[PDB]
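First residue of the sequence shown? That's 1 in the deposited numbering, and the numbers climb one at a time after it.
Every residue gets a Cβ at the ideal spot worked out from N, C-alpha and C, and that includes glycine.
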Amino acid sequence: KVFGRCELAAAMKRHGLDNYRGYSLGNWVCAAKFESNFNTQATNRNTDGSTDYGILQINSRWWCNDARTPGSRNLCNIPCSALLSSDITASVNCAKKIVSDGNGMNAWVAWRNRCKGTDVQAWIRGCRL
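This is the structure:
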């Protein structure tokens, strides 16, 4: 499912992401925009053999099991396919663990490079939240 900007903002807020670990909603929406372009079905394989899954492009080396990433850790205890669902709950619960991991949202390279230090509020502007 391809989310609309405000549609995603509301679902994320509803799932407790607004200000989670100090990161405003604009940050999460900006990250989803540049990571998957709001598409739950997005996947991207990496050179080390791992794959990034879903709306927040969660990596298989540490966070989920795809049975094809040697060395993988499955810290979120979920098969990676679960991250491709239209219901963002799984992606959100795993993201909460990642952002609590110690590096904050810098764990998402697109956030660090295209959201960090920008007016992320613009991503939630105009939305009825």
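Going by DSSP, what residues sit across from residue i in a beta bridge?
| i | result |
| --- | --- |
| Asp-52 | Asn-44 and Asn-59 |
| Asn-39 | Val-2 |
Kindly indicate the opening and closing residues of the alpha helix (DSSP H) around residue i.
| i | result |
| --- | --- |
| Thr-69 | That residue, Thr-69, is in no alpha helix (DSSP H); it is neither H nor E in DSSP. |
| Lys-97 | 89-100 |
| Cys-6 | 5-14 |
| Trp-111 | 109-114 |
| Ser-81 | Where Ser-81 is concerned, there is no enclosing alpha helix (DSSP H), given that its DSSP letter is neither H nor E. |
| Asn-103 | Looking at the DSSP string, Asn-103 is not in any alpha helix (DSSP H), and its letter there is neither H nor E. |
Might you give, ordered along the chain, the residues of its own chain that have their beta carbon closer than 6 Å to the beta carbon of residue i, omitting 5 neighbours on each side?
| i | result |
| --- | --- |
| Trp-28 | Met-12 and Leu-17 |
| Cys-6 | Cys-127 |
| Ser-91 | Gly-54, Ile-55, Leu-56 and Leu-83 |
Report the option in the options whose CA atom is closest to the CA atom of residue i.
| i | options | result |
| --- | --- | --- |
| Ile-124 | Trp-111, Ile-98, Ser-24 and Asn-37 | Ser-24 |
| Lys-97 | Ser-72, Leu-129, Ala-110 and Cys-64 | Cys-64 |
| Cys-115 | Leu-129, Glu-35 and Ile-88 | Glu-35 |
On the CB-based measure, 16 or more other CB atoms within 10 Å of its CB, does residue i come out buried or exposed?
| i | result |
| --- | --- |
| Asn-77 | exposed |
| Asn-59 | buried |
| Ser-72 | buried |
| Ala-67 | exposed |
Spatial neighbours of residue i within its chain, please: CB distance less than 7 Å, with the 5 preceding and 5 following residues excluded, ordered by chain position.
| i | result |
| --- | --- |
| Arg-21 | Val-99, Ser-100 and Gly-104 |
What residues in its chain sit with their C-beta under 8 Å from that of residue i, if we drop five residues either side in the sequence?
| i | result |
| --- | --- |
| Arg-112 | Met-105 and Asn-106 |
| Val-120 | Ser-24, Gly-26, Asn-27, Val-29 and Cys-30 |
| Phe-38 | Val-2, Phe-3, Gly-4, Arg-5, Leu-8, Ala-32 and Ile-55 |
| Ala-122 | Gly-26 |
| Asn-19 | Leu-25 |
| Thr-69 | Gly-49, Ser-50, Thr-51, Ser-60 and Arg-61 |
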